[PDB]
Amino acid sequence: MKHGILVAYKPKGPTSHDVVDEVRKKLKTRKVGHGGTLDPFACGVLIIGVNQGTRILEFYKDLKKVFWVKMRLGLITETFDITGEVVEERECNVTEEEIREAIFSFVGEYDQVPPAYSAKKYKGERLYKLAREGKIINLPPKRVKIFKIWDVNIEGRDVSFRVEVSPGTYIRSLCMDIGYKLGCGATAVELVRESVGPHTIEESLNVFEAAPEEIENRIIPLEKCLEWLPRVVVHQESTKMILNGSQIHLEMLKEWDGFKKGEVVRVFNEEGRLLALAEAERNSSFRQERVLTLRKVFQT
RNA sequence: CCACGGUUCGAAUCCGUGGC
Ligand SMILES: [Zn+2]
């Protein structure tokens, strides 16, 4: 049984859960999940967690994302994309220079409102559910950050570009917002999530077309996940102790790597096996206290 | 099981929290 993360590619059409079903059917296991939904009309990178890998999917939430999007100026729909009923389809007579200034006026930070068609919860209910019943909810804004925009291409009313965005940012809302800035409306007609953190679409695997053998050999083992977090190695003797319960103390450790206050760290051992994930208690600086507090432990 | 929440929308279904 494999345990880890799978950089999947979700074709345009199916929901993100559909990909989970496909992988859970191909690998004959119910323990599968993803770490960030991707709209059906969209395609691109979908982080998939297999078995014990599901237990670490939460750590992919705060990663940055890079998208390629094409929006239709003059078009506005209920869902903010081309799969939703049209509400208004007028002409957008604006110059290419205006379009660019409008697009780039969003580079930086701004308060973005979640689209009505989203998985956000309002009062014990998903927004897309309340939206399909005709009830449109305007949730308080979230201060999102647009790190950078580039590759702007203008072909009539259809404008495309790439954007690196902070976690929790909706490109759907971004398009509508840029359209609003131009005063003529805009809807996302194509969306490709090219990367989630260090994971790119180039590495992604189309589970729908891959065989169980290929999907299995593509799975990144737990020992090679969350590569960006400080690591620590304890004596192979301390293994089964932590790999069961207890905590992690100053004289169990063996190797450095600097952390912060409540920063998360990977706990390995002599044999390189990833024992668990602990949350730092104090900044790393040289004594028998709580160095790290277990926040998750994997048993295999 | 219940309640709440998370995640770029059709996750009962993955994750987290509190209660039982
Ligand atoms: Zn694609």
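Per chain, numbering begins at 1; letters A, B, ... match sequence-line order. What's counted below: heavy atoms across the whole structure, side chains too, no hydrogens, waters or symmetry copies.
Taking the side chain to side chain donor-acceptor pair (under 3.5 Å) definition, one finds that A/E101 meets it with nothing, sequence neighbours left out. In this structure A/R162 satisfies the salt bridge (charged side-chain N to carboxylate O under 4.0 Å, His left out) test together with A/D151, A/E194, sequence neighbours excluded. Partners of A/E109 under the side chain to side chain donor-acceptor pair (under 3.5 Å) rule, at least two apart in sequence or in another chain, are A/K145. For A/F298, the ring pair (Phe, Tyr, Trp, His ring centres under 6.0 Å) test picks out no residue, with sequence neighbours left out.
Taking the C1' atoms as reference points, B/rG16 lies 14 Å from B/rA11, given to the whole Å. B/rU7 sits 15 Å from B/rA12 when the P atoms are compared, rounded to a whole Å. Annotation: B/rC9 and B/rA3 have their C1' atoms spaced 23 Å apart (nearest Å). For the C1' atoms, the distance linking B/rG10 with B/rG19 amounts to 30 Å, nearest Å.
At whole-Å resolution of the value, CZ in A/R193 and P in B/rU7 are 12 Å apart. Taking atom NZ of residue A/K64 and atom P of nucleotide B/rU7, one finds them 18 Å apart after rounding to whole Å. The distance from atom CD1 of A/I136 to atom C1' of B/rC9 is 14 Å, rounded to the nearest whole Å. Distance, A/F59 CZ to B/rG6 P: 18 Å, rounded to whole Å. In this structure, CD of A/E125 is placed 11 Å from P of B/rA3, rounded to the nearest angstrom.
Judged by Watson-Crick or G-U wobble contacts below 3.5 Å, the nucleotide B/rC2 has B/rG18 as its partner. For B/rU7, there is no paired nucleotide, since no Watson-Crick or G-U wobble pair has both relevant distances below 3.5 Å. Pair assignment for B/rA12: none, as no Watson-Crick or G-U wobble contacts are both less than 3.5 Å.
Under the side chain to side chain donor-acceptor pair (under 3.5 Å) criterion, the residue pairs touching residues 241-250 of chain A are A/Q247-A/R290, with sequence neighbours excluded.
In this structure, A/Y170 reaches the B/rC9 phosphate: one of its side-chain N or O atoms is under 4.0 Å from OP1 or OP2.
Using cut-offs of 30° and 60° on the angle between ring planes, the pair A/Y60 and A/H199 is tilted.
Side chain of A/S173 to backbone of A/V113: a donor-acceptor contact under 3.5 angstrom is found.
Heavy atoms of A/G124 sit under 4.0 angstrom from primed sugar atoms or phosphate atoms, though from no base atom.
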* To do: Sugar-phosphate atoms are those with a prime plus P, OP1 and OP2; base atoms are the rest. Using that split, label each nucleotide of nucleotides 10-20 of chain B B, S or - for protein heavy atoms under 4.0 Å, 5' to 3'.
  => BBSBSSS----
